[PDB]
Amino acid sequence: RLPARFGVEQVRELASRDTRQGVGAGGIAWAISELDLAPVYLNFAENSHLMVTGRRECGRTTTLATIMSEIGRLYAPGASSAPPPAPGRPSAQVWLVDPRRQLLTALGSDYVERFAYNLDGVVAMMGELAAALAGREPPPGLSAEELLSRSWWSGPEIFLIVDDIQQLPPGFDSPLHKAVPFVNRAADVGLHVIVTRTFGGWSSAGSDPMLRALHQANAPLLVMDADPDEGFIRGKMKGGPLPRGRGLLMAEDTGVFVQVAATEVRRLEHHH
Ligand SMILES: Nc1ncnc2c1ncn2[C@@H]1O[C@H](COP(=O)(O)OP(=O)(O)OP(=O)(O)O)[C@@H](O)[C@H]1O
Ligand SMILES: [Mg+2]
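For the sequence shown, the deposited numbering begins at 1125 and goes up steadily by one.
Set out below in structure tokens:
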């Protein structure tokens, strides 16, 4: 069964030798499964997003750091000042909400288009992001012949990565409300929303429009070390105590235990 630590260098060894179908192979490799000790991916063919939750120091930030490292491996740099990508390569652009500033250097400025650490910064950044996403569709009222001619928007894959979403205001106040309309058609606008939240008060966190939209889109939910007392999370599954880095990867009614690939974060600040 699963080890207490499995490095990202280790999962990459496995990913380069994995040709399994229907698991998102060739994509972001961020964990290994309890079932077969094989890689677990962000299967963008199934879903564009990911939610991660768990109690204090379960490994939420490290999970994002591993995913970001994978983005750097699999994608050409897609920030505005980055060079044109090598032929055949997809491009990735990161929009980072990181209040505790732990993920600022997981990727260089050739990947990170915008990052925000204060509320005003988040509000401003989300406005810019929404404007870019709104442009990713054809002009209205074109003929069939016109629509056939080309792809009408161009640009890199956009990763909206948010650590510690619990620190943001909930409700309609939420700065993330401008990105909500794109969640359901994320694949068509090349959007990926990856968010973490502390497990405390999880069932009462539906009040966040982004978390609600992600649940409505049936995004994968990794429930790391957690408390059964919060009740059922998805279907008949409750959260439970787990070693650090380990989580129950939930769909709607089913789940599988995984061990998240570890990577270094110089930056870890827990406010002890
Ligand atoms: N995948 C992992 N495998 C093994 N250990 C891990 C893993 N992820 C995190 N840890 C360990 O757990 C500790 C906390 O890491 P991290 O800061 O990522 O957690 P966190 O949940 O974000 O914490 P916080 O609650 O402060 O946000 C660190 O010591 C880290 O080494
Ligand atoms: Mg953290």
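Heads up, the beta-carbon is just placed ideally off N, CA and C, and yes, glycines get one too.
Inter-residue spacing [alpha-carbon to alpha-carbon] between residue i and residue j
| i | j | result |
| --- | --- | --- |
| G1146 | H1396 | 42 Å |
| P1209 | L1284 | 21 Å |
| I1191 | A1268 | 39 Å |
| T1185 | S1273 | 43 Å |
| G1330 | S1275 | 36 Å |
| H1301 | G1178 | 24 Å |
| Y1241 | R1336 | 23 Å |
| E1354 | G1324 | 8 Å |
| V1247 | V1389 | 26 Å |
| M1361 | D1377 | 7 Å |
| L1373 | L1345 | 6 Å |
| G1183 | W1277 | 37 Å |
Cβ neighbours of residue i in the same chain (closer than 6 Å, five flanking residues each side left out)
| i | result |
| --- | --- |
| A1206 | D1234 |
| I1289 | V1319, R1321 |
| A1341 | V1307, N1308 |
Residue interval of the alpha helix (DSSP H) (run including residue i)
| i | result |
| --- | --- |
| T1185 | 1184-1198 |
| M1249 | 1243-1258 |
| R1224 | It is not in any alpha helix (DSSP H) - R1224 carries neither H nor E in the DSSP assignment. |
| residue 1397 | Any property of residue 1397 remains undetermined from this structure, which presents the chain solely from 1125 to 1396. |
| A1329 | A1329 -> no alpha helix (DSSP H), and no H or E assigned at all. |
| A1311 | 1310-1313 |
Which listed residue (the options) has its alpha carbon closest to that of residue i
| i | options | result |
| --- | --- | --- |
| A1385 | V1317, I1156, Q1226 | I1156 |
| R1370 | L1253, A1350, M1250, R1144 | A1350 |
| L1220 | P1214, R1213, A1230 | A1230 |
| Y1199 | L1188, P1214, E1354, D1297 | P1214 |
| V1347 | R1309, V1135, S1172, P1365 | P1365 |
| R1358 | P1367, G1379, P1201 | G1379 |
| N1167 | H1316, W1326, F1381 | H1316 |
| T1187 | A1149, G1232, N1171, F1130 | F1130 |
| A1375 | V1132, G1150, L1174, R1144 | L1174 |
| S1193 | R1225, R1180, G1151, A1256 | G1151 |
| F1296 | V1307, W1277, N1308, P1333 | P1333 |
Status (buried if at least 16 other CB within 10 Å, exposed otherwise) for residue i
| i | result |
| --- | --- |
| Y1165 | buried |
| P1201 | buried |
| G1212 | exposed |
| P1293 | exposed |
| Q1383 | buried |
Opening and closing residue of the beta strand (DSSP E) in which residue i lies
| i | result |
| --- | --- |
| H1339 | First-last for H1339: 1333-1340, but that is the alpha helix (DSSP H), not the beta strand (DSSP E). |
| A1268 | No beta strand (DSSP E) holds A1268; the alpha helix (DSSP H) holding it covers 1268-1272. |
| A1240 | 1236-1240 |
Cβ-based neighbour list, residue i, same chain, cut-off 7 Å, excluding 5 preceding and 5 following
| i | result |
| --- | --- |
| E1237 | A1203, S1204, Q1217, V1218, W1219 |
| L1271 | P1262 |
| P1163 | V1135, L1138, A1139, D1142, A1153, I1156 |
| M1250 | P1299, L1300, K1302, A1303 |
| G1363 | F1323, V1347, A1350, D1351, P1352, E1354, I1357 |
Neighbourhood of residue i by C-beta distance below 8 Å, restricted to the same chain and skipping five residues each side
| i | result |
| --- | --- |
| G1314 | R1260, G1279, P1280, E1281, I1282 |
| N1171 | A1341, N1342, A1343, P1344 |
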